[PDB]
Amino acid sequence: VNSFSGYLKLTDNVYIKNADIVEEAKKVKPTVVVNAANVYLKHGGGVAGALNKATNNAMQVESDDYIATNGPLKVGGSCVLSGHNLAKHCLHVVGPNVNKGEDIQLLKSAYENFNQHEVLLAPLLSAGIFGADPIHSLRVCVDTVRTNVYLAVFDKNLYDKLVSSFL
Ligand SMILES: NC(=O)Nc1ccc(C(=O)N[C@@H]2c3cccc(O)c3C[C@@H]2C(=O)O)cc1
């Protein structure tokens with residue numbers, strides 16, 4: 001039994017809710033919140049900008065030190081950093097950005113990172129300003145992630161489209 005409330009169950013392990021992932025992180029304080037990161041961990045906009053702003057820029061400060069030590073992530077890769085005031089940990093996951101021409105097949109590799117964590121609060125990878133089709137992202141998520149994932153979809157209209165079109 002966990003504390004996520006008001007989710008619709010899609011499969012054995014994937015749940016979805018029309019919610020602001022920032023507000024959901026602040027209320028649940030999950031072990032893991034997933035960030036929709038880029039390889040430089042520059043949290044300027046979209047989910048990443050919203051999460052970083054909610055940490056008063058502490059996420060960005062920590063991220064800049066991480067990059068200075070380790071260099072950029074790979075598209076499809078991830079790193080675990082602090083969750084600050086939002087979660088125990090933040091899993092920064094880099095989905096391909098279609099608006100940069102990155103290979104959409106890397107989306108499955110990106111979701112595989114979720115399997116290293118028993119339970120996660122997460123957005124749909126490569127959705128929003130990353131330019132992929134959220135319905136495709138949801139399909140890859142369900143077909144790749146085996147651990148328990150609570151997806152927060154900010155847009156109500158998209159949310160109902162995702163629910164109404166789900167197989
Ligand atoms: N307090 C805050 O600013 N919160 C906050 C700000 C921005 C985002 C975001 O960019 N969402 C994205 C989006 C939008 C419209 C269609 C989408 O397919 C997506 C994917 C993303 C998602 O819904 O996961 C999420 C939360």
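Annotations
- Per the listing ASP64, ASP12, the residue uniquely charged (D, E, K, R), over 19 Å from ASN148 (Cα atoms), away from the ligand (no atom under 12 Å from the Cβ) and surrounded by fewer than 17 Cβ atoms within 10 Å (Cβ to Cβ) is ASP64.
- Scan of the range 153-164 for residues that are touching a residue at least 12 places away in the same chain (Cβ under 8 Å) and away from the ligand (no atom under 13 Å from the Cβ), ordered by number: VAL163
- Test: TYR150 is within 13 Å of the ligand (Cβ to nearest atom), surrounded by 19 or more Cβ atoms within 10 Å (Cβ to Cβ), under 20 Å from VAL22 (Cα atoms) and over 12 Å from the mean Cα position of the chain (by Cα): no
- Close contacts from the range 15-27, counting a first residue that is touching a residue at least 40 places away in the same chain (Cβ under 8 Å) and a second that is among the acidic types (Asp, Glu) and surrounded by fewer than 14 Cβ atoms within 10 Å (Cβ to Cβ), with Cβ to Cβ under 9 Å and a gap of 6+ residues or different chains, come to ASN18/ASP155; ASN18/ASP160.
- Any hit, the range 30-53, residues being over 15 Å from the mean Cα position of the chain (by Cα) and closer than 19 Å to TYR159 by Cβ: no
- In the set (1) within 11 Å of the ligand (Cβ to nearest atom); (2) surrounded by 21 or more Cβ atoms within 10 Å (Cβ to Cβ); (3) in contact (Cβ under 8 Å) with a residue 40 or more places away in the chain, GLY45 fails one condition alone, (2).
- Selection within the range 109-126 - touching a strand residue (DSSP E or B) at 6+ places or on another chain (Cβ under 7 Å) and over 14 Å from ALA87 (Cα atoms): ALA110, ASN113, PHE114, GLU118, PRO123, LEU124, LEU125
- Extreme residue, farthest from the ligand (Cβ to nearest atom), among residues of the range 15-42 that are surrounded by fewer than 17 Cβ atoms within 10 Å (Cβ to Cβ) and part of a helix (DSSP H, G or I): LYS27
- Matching option when the condition is touching a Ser or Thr at 6+ places or on another chain (Cβ under 6 Å) and either of a type outside the set (S, T, N, Q) or buried (at least 16 other Cβ atoms within 10 Å of the Cβ) (or both), among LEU124, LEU106, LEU86: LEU124
- Residue within the range 14-29 that is in contact with a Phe, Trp or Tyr (Cβ under 8 Å, 6 or more places away or on another chain) and among the aromatic types (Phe, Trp, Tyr) present: yes
- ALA50 being away from the ligand (no atom under 16 Å from the Cβ) and farther than 17 Å from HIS117 by Cβ: no
- Looking across the range 108-147, the residues that are hydrophobic (A, V, I, L, M, F, W, C), more than 9 Å from the ligand (Cβ to nearest atom) and more than 11 Å from the chain's Cα centre (by Cα) come down to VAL119, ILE135, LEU138, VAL140, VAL142, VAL145.
- Count - residues of the range 25-64 that are in contact with a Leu (Cβ under 6 Å, 6 or more places away or on another chain) and acidic (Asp, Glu): 1
Don't worry about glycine lacking a Cβ; one is built from the backbone with ideal geometry, like all the others, and counts go over all protein chains shown. Read-outs: derived from the displayed coordinates by stated rules, not from any lab.
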